[PDB]
Amino acid sequence: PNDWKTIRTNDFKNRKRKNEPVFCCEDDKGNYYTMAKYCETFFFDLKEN
RNA sequence: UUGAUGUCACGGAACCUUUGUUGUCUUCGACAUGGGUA
């Protein structure tokens, strides 16, 4: 995909437990892309003291 | 812009002295990546 925001989960590394999502993909050349990230980080409770 | 019976100024070489020098093998292997799980 051209947009990183449009990348969605396509598979699971451990299909038994429905965990560890993986987005398998391929490009024009002989390259295979495996992603093991599906959650970002949310910062909260900012401290000014 | 001179002064007058007296100007060798063609009477005088910008001349003389200082090294772009010194130092460097066109060489070559370990990663890259950030979480995910609970």
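Each chain gets a letter, A, B and so on, in the order the sequences are listed, and its residues count up from 1.
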Completion exercise
Rounded to whole Å, the CD-P distance (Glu20(A) to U37(B)) equals 7 Å
Practice task
State the sugar conformation of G34(B) as north or south, using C1'-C2'-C3'-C4' as the deciding torsion.
Solution key: south
Exercise for the section: Verify whether the stacking test passes for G35(B) and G36(B), with limits of 5.5 Å on the ring-centre separation and 30° on the angle between planes. Expected result: yes
Handout entry: Atom of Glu26(A), atom of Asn31(A) and distance for their closest heavy-atom approach
Key = CG-O, 3.3 Å
Exercise for the section: Using atom CZ of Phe42(A) as one end and atom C1' of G35(B) as the other, report the distance to the nearest whole Å. Expected result: 19 Å
Practice task
Fill in the dot-bracket string of RNA chain B, one character per base: . for unpaired, | for a pair to another strand, ( ) or [ ] for pairs within the strand, taking Watson-Crick or G-U pairs under 3.5 Å.
Solution key: ......................................
Handout entry: Gap in Å between the two P atoms, one belonging to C31(B) and one to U27(B), rounded
Key = 24 Å
Exercise for the section: Mind telling me if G11(B) is syn or anti? Syn here is a glycosidic angle within 90° of 0. Expected result: syn
Fill in the blank from the handout: Sugar of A30(B), judged by the sign of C1'-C2'-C3'-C4' (positive north, negative south), puckers south
Handout entry: Interatomic distance, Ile7(A) atom CD1 to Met35(A) atom CE [nearest 0.5 angstrom]
Key = 6.5 Å
Practice task
May I ask you to classify the sugar pucker of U27(B) as north or south from its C1'-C2'-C3'-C4' sign?
Solution key: north
Exercise for the section: Please state yes or no: are the six-membered rings of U24(B) and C25(B) less than 5.5 angstrom apart at their centres, with planes tilted under 30 degrees? Expected result: no
Handout entry: Inter-residue atom distance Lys18(A).NZ - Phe12(A).CZ, 0.5 Å rounding
Key = 4.0 Å
Handout entry: Base stack present between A9(B) and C10(B), cut-offs 5.5 angstrom and 30 degrees
Key = no
Problem - Distance, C1' atom - from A13(B) to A9(B), rounded to whole angstrom - result: 15 Å
Exercise for the section: Would you please confirm or rule out a distance under 4.0 Å between OP1 or OP2 of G36(B) and any side-chain N or O of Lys37(A)? Expected result: no
Handout entry: Consecutive-base stack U21(B) to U22(B) per 5.5 Å / 30° rule
Key = yes
Exercise for the section: Using only side-chain N and O atoms of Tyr38(A), determine if any of them is under 4.0 Å from OP1 or OP2 of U37(B). Expected result: yes
Exercise for the section: Count the heavy atoms belonging to other residues, nucleotides or ligands that lie under 6.0 Å from NZ of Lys16(A), then report whether that count exceeds 12. Expected result: no
Handout entry: P-based separation of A4(B) from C8(B) [nearest Å]
Key = 15 Å
Exercise for the section: Please check if atom CG in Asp3(A) has more than 12 non-hydrogen atoms from other residues, nucleotides or ligands closer than 6.0 Å. Expected result: yes
Practice task
Using distance alone, with no hydrogens and no angle criterion, decide if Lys47(A) and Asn49(A) have a side-chain donor and acceptor under 3.5 Å apart.
Solution key: yes
Problem - Point-to-point distance, once rounded to the nearest 0.5 Å, from OG1 of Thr34(A) to OH of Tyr32(A) - result: 10.5 Å
Practice task
Supply the atom-to-atom distance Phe23(A) CZ to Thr9(A) OG1, rounded to the nearest 0.5 angstrom.
Solution key: 9.0 Å
Exercise for the section: Using a cut-off of strictly less than 4.0 Å between a heavy atom of the residue and any atom of RNA chain B, enumerate the qualifying residues of residues 1-13 of chain A by number. Expected result: none
Exercise for the section: Please measure how far the P atom in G11(B) lies from the corresponding atom in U7(B), and state the result in whole Å. Expected result: 14 Å
Practice task
Take the protein atom CG of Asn14(A) and the nucleotide atom P of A38(B), then report the distance between them rounded to whole Å.
Solution key: 10 Å
Fill in the blank from the handout: Between CZ of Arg17(A) and P of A38(B) the distance, given in whole Å, is 9 Å
Fill in the blank from the handout: From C1'-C2'-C3'-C4' (positive north, negative south), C15(B) puckers north
Exercise for the section: From the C1'-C2'-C3'-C4' angle alone, say whether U19(B) leans north (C3'-endo side) or south (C2'-endo side). Expected result: south
Practice task
Decide if atom OH of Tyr33(A) counts as having more than 12 heavy atoms of other residues, nucleotides or ligands within a radius under 6.0 Å.
Solution key: yes
